[PDB]
Structures are given as C-alpha cells and as structure tokens.
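Undergrad:
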Amino acid sequence: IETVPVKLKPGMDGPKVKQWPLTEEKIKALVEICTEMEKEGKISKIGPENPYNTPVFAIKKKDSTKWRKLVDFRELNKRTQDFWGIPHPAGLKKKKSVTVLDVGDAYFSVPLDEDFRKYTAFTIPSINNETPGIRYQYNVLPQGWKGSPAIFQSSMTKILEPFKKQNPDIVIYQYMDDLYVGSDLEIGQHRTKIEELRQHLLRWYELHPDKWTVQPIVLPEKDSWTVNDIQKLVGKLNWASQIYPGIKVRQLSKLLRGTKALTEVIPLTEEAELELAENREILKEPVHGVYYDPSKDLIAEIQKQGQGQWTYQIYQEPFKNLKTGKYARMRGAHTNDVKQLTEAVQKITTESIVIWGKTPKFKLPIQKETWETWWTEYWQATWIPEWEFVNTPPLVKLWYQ
Amino acid sequence: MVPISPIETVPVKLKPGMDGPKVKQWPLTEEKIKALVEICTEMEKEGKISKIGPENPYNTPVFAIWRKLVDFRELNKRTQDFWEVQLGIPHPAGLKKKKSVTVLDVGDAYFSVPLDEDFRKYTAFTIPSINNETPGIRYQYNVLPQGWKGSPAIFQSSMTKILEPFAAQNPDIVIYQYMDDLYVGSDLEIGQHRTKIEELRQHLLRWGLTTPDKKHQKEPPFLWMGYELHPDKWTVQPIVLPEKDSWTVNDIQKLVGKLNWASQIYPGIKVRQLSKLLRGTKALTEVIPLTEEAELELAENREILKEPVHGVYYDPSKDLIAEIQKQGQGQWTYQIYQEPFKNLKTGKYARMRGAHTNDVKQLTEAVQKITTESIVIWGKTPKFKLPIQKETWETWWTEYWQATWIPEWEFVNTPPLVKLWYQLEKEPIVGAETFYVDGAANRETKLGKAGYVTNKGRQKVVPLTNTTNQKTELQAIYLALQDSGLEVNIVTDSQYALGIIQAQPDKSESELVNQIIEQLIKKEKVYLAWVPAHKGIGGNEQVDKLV
Ligand SMILES: Cc1c(Oc2ccccc2OCCn2ccc(=O)[nH]c2=O)cc(Cl)c2ccc(C#N)cc12
Ligand SMILES: [Mg+2]
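Top line first, the protein sequences correspond to chains B and A. Reading the first sequence from the start, the letters are residues 5 to 88, 93 to 212, 232 to 428 in the entry's author numbering. Reading the second sequence from the start, the letters are residues -1 to 63, 71 to 552 in the entry's author numbering.
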C-alpha cells in the first residue's frame, strides 16, 4: 500500500524498443485484456510525452484456452538498477520433487512508484498502421519486471511465514512471477500440499530434480570393430581429451595403419584394449576443477539430434560443463522443429533457475529470422532468456549422442 | 456564442541539462520586415501568438520567403524525444472495400491545438524593426508551431482523443487516422454515409476543428504517397525512369528505389544487375557502364512497366494465398492474392550476402519475409503455394542440423522446382572404394599438394601453385570425386571442407566448391567421413603432400 522509490542505473535512459507485428486475434485479445486492466486501475492510457516503449504480445499457458498477456521486460530489466541479496537455496535442486506456481496475480495489489511508471510504457499495435497504437503505462507492479519480486520479497515472506514455520522440510524459492516449492513427499500428498499452499495464498507442473542428473561420456562396446568404427572412436576420444587429461589414442590409431576399406573388420590388439579400458576408467570420473562463478554468465548450447531428440550443455568456460542433458519429450511437436526448440529452451531455462537462480544465454541452432518469426507462438513461460544464433554446424553433434 | 470543448495541453520539457534556444536574429530587408509585421499582426489577432515583454531571454530566428518561416532547428535539438507512431504507413492492399468513402483534410492542423503554456516562453522570436532604431517586436507561440518537433505527436494524440467516442458510437463505419487527414469508409447507402460524415464534421466542429465545407476537395481517384486509389482497385502512380547514356551512382540509387517501389504491384521486377554496381559507394558522382545482363534487365523492366496493372482490396471472408516462384541468381518473386489472377499485391526477395547457400534455405527466408509482411498488412499468415515437393521438404528438414519450419503450404508445379541436388550417406558404403584424401600448402611460397590414396592401391598427388591449406584440402576431395565410381567413401581430416559440405550448398562463390557440387550431383552414393589430423591414423597421409 506504500510505494518504494525505484530509479534506473546511472547514465541510462528508459527503454525504447520497437513493438513487433501481431496477428489480429492476439491484438483483439490484448485489447480486451488491457481494457479490463484499465477498468481495474492496473494500467492507464498515456500521451505522446512518453518516448519509452516496451514490447508486448499474447500467449496461452498450459491447460488453458484463456489468452494471457506477456511483456518483454528484458531491456527494462537490464536497465533497471541492481536490487539487493538472498543466497540461492542449493537444497532446492537436491529435493525429490519441485512444483512451480504462478504468483503473478499478487503483484497487481502493490502500487508502483509514480516517477518510474513512464518507463513501463507499452503499445497495443494496429493492423496495417491504420490507427495509432493504444499506449499504456503500469500503475501497479508489472509481471515480468525484475523489480516486482524484489519489492514483494517482504510481503511474500510475511505471507509464507506460517507455512514455512509449519513445514521446515519444504524449500521455498521465488523467481519472477513463479514460486518454486521443493519437497520429498508422495505425488498425492504433494498435490494436496500444493492445494493447501495455493488456498493459503488464495485467502491472503510436476518436476522431479532427482530424475535428472549430469551425464558421462560413454564409448561403444563391440565384439568386432570396423575401420569406420575405430575412426569414429578415435575422433570422439580425441575430442574428449580436451576435457579429460589422461586420454591417449596412439595404440588405437596404430590399428588403422595402412589404407583399408571402411567396412573391413579389424581385430583389437591387447594394447588397444588396454588403452580403451584406461580411457573408460578416466571417463567414469568427474571433470577436474569445475566450479560455478556467480559473476560469470551461464551459456547453454543445444544440438538437434533428429526424431524429436535434442541434446544440451550448460557451461561457463568451454569444456567445463556445469550441466548436460537430453530433451526428447514429445508433445504435439512431432511436425515442428521450432516448437520443440522453444519447449527445450524453456525446460533448460527452468532447470537453470532451479539450480543457480538465474537464466543462461542460449546459442540456438536456428536461423535468426526463422526463430524471430515463430518463437512467440509456442512460448508459455513468464520470463524470457537471452539468445544468439550459431550459423555453422558443430562437429560435436554425434559426440553428444 | 456556443463554447468549444476544451483541449487539454500535453506537458513538454526540454532534454535534461539543456536550456531554451538563444539564437541571434538575422538582418532582414525593410520589405520582409513589413511583410512579417503584417502576417504576425493577423496571427496575433487570431490568437496564434502573443507579444511578450523584454524579460524572455530565449529567441528563434525568423525569415520571409509573403510567408514567414520560423527556424526551430535549435529548439528541436533541445526539445525532448516524443513518441512517433508514423513508422509505417497504411498499404492499399490491406484496405477492405467500402461502398462509400470520404476524405477529410483538417485546415489549420497545428494551429487548432493549444500549446503547454509553461513551454511557450521557449518558442520566443523577434521581428527586427526598421533601421533597428526601436526594440524589435517580441512574440511567443500559443499553439503548436509549424516546424516544431512535438507538433505532430501532440496533434495526432489530441485528434485520437477527440475521435474515440464518435467511433465508439458508430461501429458501422470505419475511420483511419493519418496526420492532417481522416479517411471514413462504410458499406451504408450514399445518403446515410453523407449524413454520418456531416455528423462527424459536426462532432469535430464541437472541439473547434474545420473540415472542407464544399463538396470534399478530393474525390476518386485519390493520389496519395505514390499510390493511386480507385473505388474497386489500387495501383501505383506512373513510373518515371530516366534514360541517359552516362549514369551516376545517385542515379542508380534513384532507379533502384523506383524499381523497388514499382515491384509491389508489378510482378517480375529484377534489381540485381543494377545493385551490383552500388559496391564501393558513397561517391555520388561517377560513370558506371552497364553489362548486357543489366541492359537486358532494365529493358525487361521497361517491358513489364509497359502496361498498367491493378491490385484489388482485401476480403476477410476469403482465404489469403501467397505463391512463390524462383527467378534465378538468388532472386525470388511472389504474388499475394485471394481470387486467381487478381493479386492483392506482389513482391520480390533477394538472397543475403554469403559464400555458400542452397535454394531451400532461400525459399525458407522468402516465406519468413512474406509472412512478416502479411502479418503487418492483413494481420494473418497466408497459405503458401511453393515450387517444392512435400517429399523434398520432408527430407530437408528431417536431415538438416538447424531447426526449421514453414507454415501451412501446398505444392504447386510451376518450374523451376526447388530440389535437393545431392544427399550424403549416413553410414559407410559396402563394396565402395575408400579414398583417403589430404592437402597441404606452404604458407610462404603458396605452393602446395593435394591428393589421395585408396584401399585398392589407387593413388594420386597433384602439385599446386598459388594456393592455401583450405584450397588444397578441397582440391583433394575434388580429385577423389573425379577419379572414383558411382559409389565412393571419402576420408578427410579437414574440418573446413566437411563443414562446407555439411552445410549442403547447391551453389557457391568459389569455383572449386561448385565443381565439387557438380561432382556430387553425378554420384549415386557418397559417404564422407572425418578423422583428426596428425594422429598417426593409417591411410591418412599428411607425409605424401608435405613433400
Ligand atoms: C479514401 C481512403 C481510404 O478509404 C477507406 C477509409 C476507411 C475505411 C476503408 C477505406 O477504404 C477501403 C478501400 N477503398 C479505397 C478507396 C475507395 O474509393 N474505395 C474503397 O472501398 C483509406 C485510406 Cl488508407 C486512404 C489513404 C489516403 C487517401 C488519400 N488521398 C484516401 C484513403
Ligand atoms: Mg589435411
């Protein structure tokens, strides 16, 4: 009920960002939604004296036909001053199960600092530039802004205090408009406890982190090897030598001596088998000196494997993976690569939020124009990460398969 | 006297850390002075301006051309940024056909809207008196000054605020707002329409806004922003293409611009051979001759621009269809229509700047472009007709390493058809000869060697002058392709060459790459394997080309 003063970073003017074109139904959805919000004092129309603009579009969350409004607050977030810090709950990723809740509606109660409102300006665009776009600015705390949860930290604490004092074994984390709840209960007991917590939040996405882990480098086990087999093996081991110190491939390379046919079977020598075994033993161990640096950006790389299979790696320094995984989940995406990539980026970002409490910068195996054209059509998340586009095919593809 | 409704002013500030303009008034002739005195007298009588005391430090230069001209450039440099919604303009192909349409141009646009009082003191300017033997006459604005930075945005916002309730009360008519002009359209009867127009201009008159009293000064066809707007159709204003035996860079820029502008309704317009001459630009004076390709291109452009072509308006009840054709040399053309032979509009797409590429990628890009344009214009994505088989696209996106997508589309057979020219094997071929290839070059002498050894004993090493490592490594693969059967396995250690071939170009700027492609096309099965260099891998012979 009391507004806390909020400023920007020194030497930084408010965000001016081009609104991108929207389809007719999305525009109508936004018109209805923003009309309703205007009737509720959440937003207000503004004049031309406001130069600032932030992008906005429309989506549909999971199991809902209701159009939701999403604001791309990235530029404003990076231009908003740093808000100070609660140490990340490292026990959250160690819990058996974690449920994510949408506590966004709670932000619309708290008013926003009057002097800052001109920076949260957005525009519902028109088709064919026929009429000037409808301009709004936020009056209350906007969803998607990094300042909103930081301001609502005290309130949220006071609300979740009895539940925390009730179940100390339940880890509660907060990121943006989402509330992460980690526990070790049974799925039924889990869902009932979640109903309890949500009604506890009313009167005022099952995700199991244990089923996901890191992944090792495995080598084939064969009775008979071909020249091609051994060439691929030597390639993969040579690649892996950039990560593991003691990898050697000379005894295996010794087998390829001469010019043979790729399909010709080569019996392994005892030295070769020994070397391969030593390499296995080396690969079974974790990676030397791999640490997390909170001052460094997290980088995610994604490779398309085909048949709905995708691999990914989160790291900071090259060849120092903090996390690796393989998203192969198939829901309705069978005929669409971009949908798969979008859902994969979302899941990876979520995992990254649970583990480190911040989103990684992506390197997408897609052309900029394609992605830019289609990614909003499949995006159900409240936050948005940063990304870039790799135009050169990586050789390491089948080395992560 | 019936009171005109009050128009609330927009608060305006100067850029932070800046103060209002102080600029020395230019010396004027006595004639100019008299003229400006008369003009500013009638303006003061009209309430547009007001005399101010000596207190005001700020000043703006005024000129006479009689018509006055206040040069607000400095104030514009010192005035705050505003929200300009004028980015983009309505495209005629996006309009929905209406039985009755009216154009209203408001007279005294900026002079009808009041200015924020607290800012008026910054719009101060002085008229030099005769012989400068009396203090110059001081004035400040009370309304939006012509030439000011903030006038259009404020005027437009005011206009919208005024127009909103009438539009809310009249859903059966549609109003488009553009600068100093309003465009009203309806499917009502002509009498009812004229009536509602009278109602509208009355409603505007309530706030003190004047529209043409006579039969509205503009009747169809409407000439607007290079467009010709007719009742049942739209087109562009007639083309003017200069013909001179000596061409300059600027002339090429103008020509390209006009051709591009013409290409939105005239199908088949090409601008590559004329855009290639715009390399090494920024010199506006020059003489650039044209190739036979360019001359024939411009002649074909004169051939298409020979007879007029009309686009139609948009009907929401009918599907939106875009059809694409390949023109060659990275050029693509497309037509957007609903009824056959009746295009809503047309357009073209040119491939980006790259060393390698294939047809399918370019097609994808074209689809993306058309899609964005269509969302801008009609607020929806059209269905596509593409010169590519379903099977081809299937194979492509299933085997492509990048993620890729096209919206709803169907195969139209209108050659040239986009196809995949070659496909590499996923596994080694049984019974096929195995060519281990390698190439290396001396960094200093630019001398190198490229060649192969095979499992059957076939060998070759070729010496090369003026070459690099990458060139020799490509050359080796090329040699392997040349001297091998319809099915071949190829082993290389070059991540470069493998990278190039895995990108699957059907065309390249490097002749060697193109010849490799031409070799691949003739092949039945090709398996391309890779190994690390200098690992002592047998069959991989760096020593045979390092001599
Ligand atoms: C005249 C008119 C418009 O008209 C329309 C205004 C509102 C709604 C729908 C309109 O047009 C639907 C299509 N159409 C068009 C012309 C015609 O004669 N008949 C017709 O059906 C719409 C626009 Cl952008 C115009 C822009 C510039 C000028 C000028 N000068 C006039 C315009
Ligand atoms: Mg080599």
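Cβ atoms here follow ideal geometry from the backbone N, Cα and C, with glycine treated the same way.
Using only CA atoms, which one of B/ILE94, B/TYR339, B/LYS32 and B/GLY335 lies nearest to B/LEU391?
TA: Working through the first sequence from its first residue, we reach residue 391 of chain B at position 364. Answer by Cα proximity: B/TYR339.
Undergrad: Name the chain A residues that come within less than 7 Å of B/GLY51, Cβ to Cβ?
TA: Counting from one through the first sequence, the residue named residue 51 of chain B turns up at place 47. Within 7 Å Cβ-Cβ: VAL8 and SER162.
Undergrad: Would you mind sorting B/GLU328 into buried or exposed? The rule is 16 or more other CB atoms within 10 Å of its CB.
TA: Residue numbering aside, residue 328 of chain B sits at position 301 when the first sequence is read from its first letter. Buried, because 16 or more other Cβ atoms sit within 10 Å of the Cβ of B/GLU328.
Undergrad: Can you pull the chain A neighbours of B/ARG199, defined as C-beta to C-beta under 8 Å?
TA: Here residue 199 of chain B is taken as the residue at index 191 of the first sequence, counted from 1. Near B/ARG199 there are no residues of chain A at all, since even the closest Cβ is about 35 Å away, more than 8 Å.
Undergrad: Check whether the Cβ of A/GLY444 sits closer than 7 Å to any heavy atom of ligand 2, and report yes or no.
TA: For the purposes of this step, residue 444 of chain A is taken as the residue at position 439 of the second sequence. Checking the Cβ of A/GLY444 against ligand 2 gives yes.
Undergrad: CA-CA distance, A/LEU74 and A/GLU204?
TA: Here residue 74 of chain A is taken as the residue at index 69 of the second sequence, counted from 1. Here residue 204 of chain A is taken as the residue at index 199 of the second sequence, counted from 1. Whole-angstrom Cα-Cα distance: 36 Å.
Undergrad: Determine whether the Cβ of A/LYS385 lies closer than 8 Å to any Cβ atom of chain B.
TA: Indexing the second sequence from 1 puts residue 385 of chain A at position 380. Cβ-Cβ to chain B under 8 Å: yes for A/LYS385.
Undergrad: According to DSSP, which residues form a beta bridge with A/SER513?
TA: On the second sequence, position 508 is the one that residue 513 of chain A refers to. A/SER513 is bridged to A/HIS361.
Undergrad: Quick check: what's the CA-CA separation for A/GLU449 versus A/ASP549?
TA: If you number the second sequence from 1, residue 449 of chain A lands on position 444. If you number the second sequence from 1, residue 549 of chain A lands on position 544. Roughly 19 Å between the two C-alpha positions.
Undergrad: Quick one: is A/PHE171 near chain B, going by C-beta distance under 8 Å?
TA: Taking the second sequence and counting its residues from 1, one reaches residue 171 of chain A at position 166. No, because no Cβ of chain B sits closer than 8 Å to the Cβ of A/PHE171.
Undergrad: Quick one: does the C-beta of A/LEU234 sit closer than 7 Å to a heavy atom of ligand 1?
TA: Position 229 of the second sequence holds residue 234 of chain A. For ligand 1, at least one heavy atom lies less than 7 Å from the Cβ of A/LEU234.
Undergrad: Checking 8 Å against the spacing of the C-beta atoms, do B/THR290 and B/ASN255 come in under that value?
TA: Numbered from 1 along the first sequence, position 263 holds the residue referred to as residue 290 of chain B. Numbered from 1 along the first sequence, position 228 holds the residue referred to as residue 255 of chain B. Yes, the Cβ-Cβ distance between B/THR290 and B/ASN255 is below 8 Å.
Undergrad: Could you name the residues of the same chain whose beta carbon sits closer than 6 Å to that of B/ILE375, not counting the 5 residues immediately before and after it, in chain order?
TA: On the first sequence, position 348 is the one that residue 375 of chain B refers to. Excluding sequence neighbours, B/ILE375 sits near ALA327 and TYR339.
Undergrad: Does the Cβ-Cβ distance between B/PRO236 and B/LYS311 come in under 8 Å?
TA: The count along the first sequence starts at 1 and reaches residue 236 of chain B at position 209. The count along the first sequence starts at 1 and reaches residue 311 of chain B at position 284. Result no, Cβ atoms of B/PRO236 and B/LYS311 do not sit closer than 8 Å.
Undergrad: Shorter than 7 Å, the distance from the beta carbon of A/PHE227 to the closest heavy atom of ligand 1, or not?
TA: By one-based count along the second sequence, residue 227 of chain A stands at place 222. Result yes, Cβ under 7 Å from ligand 1.
Undergrad: Is A/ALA502 helix, strand or coil when you go by DSSP?
TA: On the second sequence, position 497 is the one that residue 502 of chain A refers to. Reduced to three states, the DSSP call for A/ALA502 is helix.
Undergrad: Under DSSP, the beta strand (DSSP E) around A/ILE274 begins and ends at which residues?
TA: Within the second sequence, residue 274 of chain A is the residue found at index 269, counting from 1. Neither: A/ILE274 is in no beta strand (DSSP E) and is coded neither H nor E.
Undergrad: Which residues in chain A sit within 9 Å of B/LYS331, going by Cβ to Cβ distance?
TA: In the first sequence, residue 331 of chain B corresponds to position 304, counting from 1. Neighbours of B/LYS331 on chain A, chain order: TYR405, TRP406, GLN407 and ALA408.
Undergrad: Since B/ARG125 meets chain A, which of its residues come closer than 9 Å, beta carbon to beta carbon?
TA: Here residue 125 of chain B is taken as the residue at index 117 of the first sequence, counted from 1. Those do not exist, as B/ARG125 stays about 14 Å from chain A at its closest Cβ, beyond 9 Å.
Undergrad: Is any non-hydrogen atom of ligand 3 found closer than 7 Å to the C-beta of B/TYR339, if you look at the structure I gave you?
TA: With respect to small molecules bound, the structure shown includes ligand 1 and ligand 2 and not ligand 3.
Undergrad: Does the segment 146 to 158 of chain A come within contact of the segment 83 to 95 of chain A, defined as at least 3 CB pairs closer than 8 Å?
TA: Yes, they touch.
Undergrad: Suppose you measure from the CA of A/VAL189 to the CA of A/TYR319; what does that come to, to the nearest Å?
TA: Here residue 189 of chain A corresponds to residue number 184 of the second sequence, with the count starting at 1. Here residue 319 of chain A corresponds to residue number 314 of the second sequence, with the count starting at 1. When rounded, the distance between both Cα atoms is 17 Å.
Undergrad: Between the segment 391 to 410 of chain A and the segment 424 to 441 of chain A, are three or more C-beta pairs nearer than 8 Å?
TA: With the cut-off at 8 Å, the segment 391 to 410 of chain A and the segment 424 to 441 of chain A touch.
Undergrad: Measure the alpha-carbon distance for A/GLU529 versus A/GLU370 and round it to whole angstroms.
TA: For this step, residue 529 of chain A is matched to residue 524 along the second sequence. For this step, residue 370 of chain A is matched to residue 365 along the second sequence. Taking the straight line joining both Cα atoms gives about 30 Å.
Undergrad: Under 8 Å, with one C-beta from each stretch per pair, do the segment 126 to 141 of chain A and the segment 51 to 63 of chain A reach the 3-pair mark?
TA: Touching, yes.
Undergrad: Would you check if the distance between the CB atom of B/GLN330 and the CB atom of B/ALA355 is smaller than 8 Å?
TA: Residue mapping note: residue 330 of chain B aligns to position 303 of the first sequence, counting from 1. Residue mapping note: residue 355 of chain B aligns to position 328 of the first sequence, counting from 1. Their beta carbons are not under 8 Å apart, which means B/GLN330 does not touch B/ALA355 by this criterion.
Undergrad: Could you spell out where the beta strand (DSSP E) holding A/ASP443 opens and where it closes?
TA: Locating residue 443 of chain A in the second sequence gives position 438, counting from the first residue. Start and end: 438 to 446.
Undergrad: Just tell me which of B/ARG307, B/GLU204 and B/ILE195 has its CA closest to the CA of B/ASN175.
TA: By 1-based counting over the first sequence, the position of residue 175 of chain B is 167. The shortest Cα separation from B/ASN175 among B/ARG307, B/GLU204 and B/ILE195 belongs to B/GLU204.
Undergrad: On the DSSP bridge assignment, give the partners of A/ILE47 in chain order.
TA: Within the second sequence, the letter at position 49 stands for residue 47 of chain A. Answer is A/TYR146.
Undergrad: At a cut-off of 7 Å, is B/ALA98 close to ligand 2 when judged by its beta-carbon and the heavy atoms of the ligand?
TA: For this step, residue 98 of chain B is matched to residue 90 along the first sequence. No, Cβ of B/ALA98 sits at least 7 Å from all heavy atoms of ligand 2.
Undergrad: Run the CB neighbour count on B/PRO133, radius 10 Å, all protein chains shown included, and call it buried at 16 or more, exposed below.
TA: Residue 133 of chain B sits at position 125 when you count from the first residue of the first sequence. By the neighbour-count rule (16 or more Cβ atoms within 10 Å), B/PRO133 is buried.
Undergrad: I'd like the list of long-range same chain contacts for A/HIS315, defined as Cβ closer than 6 Å, with 5 residues on each side in sequence excluded.
TA: For this step, residue 315 of chain A is matched to residue 310 along the second sequence. Counting only Cβ-Cβ distances below 6 Å, and skipping sequence neighbours, we find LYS238 and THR240.
Undergrad: Kindly indicate the opening and closing residues of the alpha helix (DSSP H) around B/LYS366.
TA: Taking the first residue of the first sequence as position 1, residue 366 of chain B is located at position 339. Its alpha helix (DSSP H) spans residues 364 to 382.
Undergrad: Around the Cβ of B/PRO157, are there at least 16 other Cβ atoms within 10 angstroms (buried) or fewer (exposed)?
TA: As a first step, residue 157 of chain B must be located in the first sequence, where it is residue number 149. Buried: at least 16 other Cβ atoms inside 10 Å.
Undergrad: Please report how far the alpha carbon of A/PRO97 lies from the alpha carbon of A/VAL108, in whole angstroms.
TA: Translated into the one-based positions of the second sequence, residue 97 of chain A becomes position 92. Translated into the one-based positions of the second sequence, residue 108 of chain A becomes position 103. Taking the straight line joining both Cα atoms gives about 15 Å.
Undergrad: Identify which residue in B/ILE257, B/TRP410 and B/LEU425 has its Cα closest to the Cα of B/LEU80.
TA: Position 76 of the first sequence holds residue 80 of chain B. For the residues B/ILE257, B/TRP410 and B/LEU425, the minimum Cα distance to B/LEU80 belongs to B/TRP410.
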